[PDB]
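Let's start with one chain on its own, the form deposited in one PDB entry, as structure tokens.
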């Protein structure tokens, strides 16, 4: 069976959020959203991945959170749910990290993503 390993709580994954200054970029099979208003924060990237054979397979959802718990960024598969490679995920994360860091934020990633990184 396909299972799911996530850094996020049920509430964190379900929450609706608005960006103060919306930015949305599509990069291949993945959508990247980030709030252009956010600056000088410590941000943590948290992800939910499907798992098969005890290995991380596809990204279901990634959200970027301030330490206080506010969502400031998101990566999700396109609605067509095209399906993607690990390289697609790594590219989309780099794009999000780049944008956030350009706005003077400090970005770190979860243990789940660290592991995925290689």
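Numbering follows the first chain given and starts at 1.
Beyond the structure shown, there is the form solved in complex with a partner chain, which is absent from this document and is the topic of what follows.
Student: With the distance limit set at 4.5 angstroms and only heavy atoms considered, check whether 40, 66 and 110 all reach the partner chain in the deposited complex.
Tutor: No, none of the three is in contact.
Student: Can you tell me whether residue 60 touches the partner chain? I mean in the deposited complex, with a 4.5 angstroms heavy atom cut-off.
Tutor: Flag for residue 60 set to yes.
Student: Counting only non-hydrogen atoms and a 4.5 angstroms cut-off, does residue 77 reach the partner chain in the deposited complex?
Tutor: Answer yes; at least one heavy atom of residue 77 falls within 4.5 Å of the partner chain in the deposited complex.
Student: Looking at the partner-bound form in the deposited complex, is residue 114 within 4.5 Å of the partner chain by any heavy atom?
Tutor: It does not: once the partner chain is placed as it appears in the deposited complex, residue 114 has no heavy atom within 4.5 Å of it.
Student: I'd like to know if residue 50 sits close to the partner chain in the deposited complex, meaning any non-hydrogen atom pair within 4.5 angstroms.
Tutor: It does: once the partner chain is placed as it appears in the deposited complex, residue 50 has a heavy atom within 4.5 Å of it.
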